[PDB]
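Both blocks below hold the same protein chain, though in two forms, and each is given as structure tokens: structure 1 and structure 2.
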Structure 1
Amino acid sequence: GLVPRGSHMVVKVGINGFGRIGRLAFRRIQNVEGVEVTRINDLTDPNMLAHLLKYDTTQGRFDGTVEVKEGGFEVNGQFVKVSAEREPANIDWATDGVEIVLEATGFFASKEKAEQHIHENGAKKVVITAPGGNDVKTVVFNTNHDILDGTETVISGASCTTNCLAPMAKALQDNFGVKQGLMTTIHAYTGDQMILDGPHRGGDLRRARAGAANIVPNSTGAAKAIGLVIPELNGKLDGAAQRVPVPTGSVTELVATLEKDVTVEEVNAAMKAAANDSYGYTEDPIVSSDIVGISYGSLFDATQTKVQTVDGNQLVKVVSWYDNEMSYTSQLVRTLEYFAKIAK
């Protein structure tokens, strides 16, 4: 009884932080009827933003036309406004008809700080493109978007790694039950790393290092905070990251103990059965470049599955790919579209 809108009823969106996720989100929204970006806010002039939309190192040239104008740029004819406002509270989203804001700066990933968008002459609601702590409903599309009723003011699209891990973990539990698990994600370097060795503004002595010239260990909360997405796994998973020199493209390895004894084929079959728009399945021996730009939020790879049986005991290894950029963004926009229809 959620009374969703048709794709003909156009919900106007604003993007805060026209960065990697911001710009790719924008690109995907071009092919989503009933969702339209009318305003972008960042920290720079429209010329910079127009150029970065047209040309993209890892995701290819923009499919369309982009022409710069005063206070914005035109995309296939349609003007989009550009503002350069550091404070979310100072952004007059309402003037451009924006109901929902994509918070994609990385600096306001908190209920308190995201709410700052909602005010007189501002936006109605906000989707954070990152974990927003617990306090905020955290959604991995096609895993737990049940949880949305449309009354929420602030929601999170979770992290890149969470959207990869969730379907894979859920499938495991639903079929065999998960006792505990440790995760490693071999991850592309990202914009929060230094291009060369230098002082890291967040105090991280590893993200301080040249990201495109090192294997760089780093912490991730995605495994710990999986309880926010699959409640019956709360406190059962932990993990970490190894950041490596590819500009996008990642993979998540999970090592787990299960309640049921399993064989490799049963695991792969279970994953194949769980496949959908969000969770893909493959038996081809692919590498990271092969998953750049894919629209699955997670792509299980059967060729890497391991089931080790020593004495009575079993360790199970399951691996899924994800383009930390497009995989996440695809999920984000699915979630945004659904949230826009259901919005109160």
Structure 2
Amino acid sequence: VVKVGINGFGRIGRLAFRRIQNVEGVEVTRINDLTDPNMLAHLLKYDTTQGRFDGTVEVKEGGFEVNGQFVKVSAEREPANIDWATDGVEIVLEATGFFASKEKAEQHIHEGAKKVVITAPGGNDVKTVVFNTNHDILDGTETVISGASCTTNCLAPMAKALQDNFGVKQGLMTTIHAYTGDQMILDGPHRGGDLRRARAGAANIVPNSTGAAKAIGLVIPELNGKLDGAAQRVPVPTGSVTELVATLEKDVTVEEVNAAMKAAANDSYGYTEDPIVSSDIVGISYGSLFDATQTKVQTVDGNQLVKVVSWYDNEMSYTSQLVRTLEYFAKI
């Protein structure tokens, strides 16, 4: 029974919680967010995209009581004074976004938590892990690691599969992504200065930058600098799809490509041949779901351009990955 502690109860934090209620070896014994508990309890009970909470949530003095089981809920501002140990928390899921550094993160470790999985990007100190793609790089001596981004978790299994089977020369990625909470609901000043995220998110197709373009080299070394992309935010509250147009070190057919993805299938990387749409991936556990129906292999004058597509619930897919990385990193 791996005891988890969540710091930051946003979309990712709350979904992390939910997902853990369905994973056997793991369970949350301590939550720490700055928001008013009644507010957090309501948001956990009612979710627009992920649906009602599977169970019951009742506010109590120390925290909540989820399905006849008390869960401590604190509102500590600094990792320093979060006595995770009192509740038996051995791993901490840092998802507030204010501790994206090796230093900030380590604060959770005193005696005190033992290991921390960061949601934000790593840097020199932190290793970036996309479960079932490169969690093998973890030896056990790590204290802080990153679960990478939602987009990386979708692109990795797919790109790795292209690399391992045919070898990738280079490629460009385009993600038709759902709008996120950092976009304006209506045209207004985006405190980040982004002239595009300042526009109404659910009323526009909004071009936007991506980090999974380069960061992909931190998960799949042989691809370092080989891939680049962008995104197109669209009016869907959750659910995304990644398109990778690549050039390979070997010629292929649609069937070969599709086959290789099926061969690479597991709990984190699924496979379909059903003509599905966005809504069909809301809430899945796969961090990425290859769509064989969208595969393309254009041949013109002996040269090929390969197109492979993968769907992913930018919310639950990403969360399922975080939860899998947690349970593993904790058992190391």
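The term rigid core refers to the maximal set of C-alpha atoms that superpose within 1.5 Å between the two forms. FYI, numbering is relative to structure 1, first residue = 1.
- For the residues 95, 180, 263, 214, superposed on the rigid core between the two structures, a C-alpha shift of 2 angstroms or more shows up only at 95.
- After superposition on the rigid core, the Cα of residue 316 moves by less than 2 Å between the two structures.
- Core-superposed comparison between the two structures: the CA of residue 114 exceeds or equals a 2 Å shift.
- In a rigid-core overlay of the protein, residue 291 has its C-alpha displaced by under 2 Å between the two structures.
- Core-based alignment between the two structures gives a C-alpha movement of 0.3 Å at residue 276.
- CA movement of residue 224 between the two structures equals 1.1 Å, with the two forms superposed on the rigid core.
- Taking the rigid core as reference, the CA displacement of residue 105 between the two structures comes to 2.3 Å.
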